[PDB]
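Trainee: Count the sequence shown with the deposited numbering and you get residues 700 to 1040, in order.
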Amino acid sequence: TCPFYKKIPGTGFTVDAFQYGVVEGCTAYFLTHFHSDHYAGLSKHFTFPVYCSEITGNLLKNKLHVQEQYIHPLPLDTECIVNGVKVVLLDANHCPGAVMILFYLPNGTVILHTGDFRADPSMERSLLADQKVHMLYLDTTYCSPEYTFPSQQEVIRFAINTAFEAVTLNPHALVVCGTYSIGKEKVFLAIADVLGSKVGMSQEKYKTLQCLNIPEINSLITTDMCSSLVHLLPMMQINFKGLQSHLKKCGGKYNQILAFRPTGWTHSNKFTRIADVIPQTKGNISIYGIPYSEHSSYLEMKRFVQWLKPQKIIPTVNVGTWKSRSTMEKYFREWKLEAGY
Ligand code: NI
C-alpha cells in the first residue's frame, strides 16, 4: 500500500508510485526520473496514463516496453493541464530526464515535489521565482551537516587531469569507468574527450544512452570495444578481480588499468580534499573513488529551502527510522528560525 508522502492531496495524482498495484483513486501516475527505486513496477502491461519528461518517456518505451498510448511526455518550463489541474515540469539537476513537478491545486495551494535533485542557485530564476509554495516534498538524501562534497566541475577537472596524465605517461593504459544506472555520464564523456577516444560499452548500455537526447552522441560512444581506450563496465566489476579479468580479454593491447567509481558521499569526504584523493592499487591496477554527487549537499539543500520558504516540508528520503525523521525535523526548524519565515 502506497505511503502518504507519494500522494498529492486534492488531486487524483501519485508520484513515483508504481509498485503498489492499482492505487485507489489515482487517475494519473507521474514518474520523476528513470531510476529503479522510482519506476519499480512499470512494464509493457501497465495501462494507466504515465506523465513524465520526453527523455523519461523514451526510456519507458525502449527499455521497459511501455506502450506508447499510455506515455504522456510534457515539455519543460511550460504550463500544462492534466486532468483539470495546472502542472509544470522543471529540470531537477539529477540524471538525464529528471524533473521536479509544480502542482497548482484547484483550492489555491501550490505544491513543489522535487523528485531526486541537486539544488542549485540557478533554480532561484526558474518559474519558481514567480509565486508562493505552500508544501515541499523534499529529496532529503543528504540532510545532515556531515555531508559535504565538491562541485561537479571540480570532480570532473580531477578526473580529466588524472586520466590525461596516466595515459600520456603510458599509451598502453586502459581507462575503465563503472556504471549501474543512468546519471553521471559527464565522468566518462569528459575523460574520452580529453583522450581523443569514443567510449566503448555493451549493447544494453549503448541502447540506454541512445534514449537520452545528448547532442552529437553518435560521435562519442560505440559498441566496438577494440576501437576505444575508455571502457564502461558494470559497477560490480570495479574491483581488482573483475578488472584483472577484463584486462585478459583485451588481447595484450593494454598493460595497465586506471578505473573510476563515481560514488555519492563516502566518509573519506569528512577528512580529505578532492586535490588530495589517492587510489587503491594492486600491481598494474589502480581504482579511484570520486565523490560525484547528483543529490544536494546539506548546504545546497539548506540554501534552496531558506530561499523558497515553504509552509510545510514532507521528506521523501530517510523516512523509515525515528532517529532519521527527528534529525531532519530539527534541521528544518533551525532553518526556519534562522531565516525568519
Ligand atoms: Ni535518483
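Idealized CB from N, CA, C, for every residue including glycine.
So which of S896, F703 and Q909 has the shortest CA-CA distance to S926?
Mentor: It is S896.
Trainee: Please output, in chain order, the residues near ligand 1 using a CB cut-off of less than 5 Å to any non-hydrogen atom of the ligand.
Mentor: This criterion selects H734 and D815.
Trainee: Can you name the start and end residues of the beta strand (DSSP E) that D790 belongs to?
Mentor: From DSSP, the beta strand (DSSP E) with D790 extends over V784 to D790.
Trainee: How about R824 and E993: do their beta carbons lie closer than 8 Å?
Mentor: No, the Cβ-Cβ distance between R824 and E993 is not below 8 Å.
Trainee: Count the other CB atoms, across all protein chains shown, that sit within 10 Å of the CB of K947; report buried if there are 16 or more and exposed otherwise.
Mentor: That one is exposed.
Trainee: May I ask which residues mark the beginning and end of the alpha helix (DSSP H) holding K883?
Mentor: No alpha helix (DSSP H) holds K883; DSSP gives it neither H nor E.
Trainee: Nearest CA to the CA of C751: which residue from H734, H771, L758 and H744?
Mentor: Answer by Cα proximity: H771.
Trainee: Please confirm if the segment 865-876 is in contact with the segment 955-974, defined as three or more CB-CB distances below 8 Å between the two stretches.
Mentor: Verdict: yes, contact present.
Trainee: In this structure, does DSSP put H966 in helix, strand or coil?
Mentor: Note: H966 maps to helix in three-state DSSP.
Trainee: Do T965 and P990 have their beta-carbon atoms positioned less than 8 Å apart in this structure?
Mentor: Cβ atoms of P990 and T965: closer than 8 Å.
Trainee: By the three-class DSSP mapping on this structure, what secondary structure does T813 have?
Mentor: If DSSP states are grouped into helix, strand and coil, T813 belongs with coil.
Trainee: Which runs of the beta strand (DSSP E) at least 3 residues long sit entirely within the segment 794-853? Give them in chain order.
Mentor: As far as the segment 794-853 is concerned, its whole beta strand (DSSP E) runs of at least 3 residues are 798-803, 809-812 and 834-837.
Trainee: Would you say the segment 844-854 touches the segment 906-921, given that touching needs at least three Cβ pairs under 8 Å?
Mentor: Judged by Cβ distances under 8 Å, the segment 844-854 makes no contact with the segment 906-921, as fewer than three pairs qualify.
Trainee: For the structure I just gave you, are there three or more beta carbon pairs, one from the segment 708-720 and one from the segment 737-744, closer than 8 Å?
Mentor: The segment 708-720 is in contact with the segment 737-744.
Trainee: Could you give the uninterrupted runs of the beta strand (DSSP E) lying entirely in the segment 956-1040, keeping only those of 3 residues or more?
Mentor: Fully enclosed beta strand (DSSP E) runs of 3 or longer: 979-981, 984-990 and 1011-1014.
Trainee: Based on the DSSP output, what are the partners of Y905 in its beta bridges?
Mentor: In the DSSP output, where bridge partners are listed per residue, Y905 has none listed.
Trainee: Give the DSSP-derived three-state secondary structure of residue 673 in the structure shown.
Mentor: An answer regarding residue 673 cannot be provided, because it is not within the stretch 700 to 1040 covered by the chain.
Trainee: In angstroms, rounded to a whole number, what distance separates the CA positions of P774 and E753?
Mentor: The alpha-carbon atoms of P774 and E753 are separated by roughly 7 Å.
Trainee: Do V929 and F887 count as a contact pair if the criterion is CB distance below 8 Å?
Mentor: Yes, these two residues count as a Cβ contact at 8 Å.
Trainee: Check whether the Cβ atoms of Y997 and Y846 sit closer than 8 Å, and answer yes or no.
Mentor: Yes. Within cutoff.
Trainee: In this structure, does DSSP put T921 in helix, strand or coil?
Mentor: In the structure shown, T921 sits in a strand (DSSP, three-state: E or B).
Trainee: Quick check on this structure: which residue in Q943, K743 and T962 has the alpha carbon closest to the alpha carbon of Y953?
Mentor: For the residues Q943, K743 and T962, the minimum Cα distance to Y953 belongs to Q943.
Trainee: In whole angstroms, give me the CA-to-CA distance for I800 and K706.
Mentor: Rounded to the nearest angstrom, the two C-alpha atoms are 13 Å apart.
Trainee: Taking a contact to mean a Cβ-Cβ separation below 8 Å, would you say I890 touches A865 in this structure?
Mentor: Going by C-beta atoms, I890 is not nearer than 8 Å to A865.
Trainee: Looking only at its own chain, which residues have a Cβ that is under 6 Å from the Cβ of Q1010, when we skip the five neighbours before and after it?
Mentor: Around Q1010: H833.
Trainee: Do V765 and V787 come within 8 Å of each other at the CB atom, strictly closer than that value?
Mentor: Contact: no.
Trainee: Run through DSSP, which three-state label would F703 get?
Mentor: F703 falls in the helix class under three-state DSSP.
Trainee: Rounding to the nearest angstrom, what Cα-Cα distance links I973 and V1016 in this structure?
Mentor: For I973 and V1016, the distance between alpha carbons rounds to 27 Å.
Trainee: For the beta strand (DSSP E) containing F712, list its first residue and its last residue.
Mentor: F712 -> beta strand (DSSP E) spans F712 to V714.
Trainee: Select from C725, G711 and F802 the residue whose C-alpha is nearest the C-alpha of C779.
Mentor: Measuring from the Cα of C779, the nearest candidate turns out to be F802.
Trainee: Per DSSP, which one or two residues make a beta bridge with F729?
Mentor: According to DSSP, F729 bridges with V714 and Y750.
Trainee: Which residues in the same chain as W1006 place their Cβ atom closer than 6 Å to its Cβ, once the five residues preceding and following it in sequence are excluded?
Mentor: Excluding residues within five positions, the ones whose Cβ falls inside 6 Å are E823.
Trainee: Rank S735, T746 and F733 by C-alpha distance to the C-alpha of residue 668 and give the top, closest one.
Mentor: Since the first residue of the chain shown is 700 and the last is 1040, residue 668 is not available in this structure.
Trainee: Can you name the start and end residues of the alpha helix (DSSP H) that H871 belongs to?
Mentor: Neither: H871 is in no alpha helix (DSSP H) and is coded neither H nor E.
Trainee: Once you ignore the five residues that flank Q979 on each side, which residues in its own chain have a CB closer than 6 Å to its CB?
Mentor: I986, listed in sequence order.
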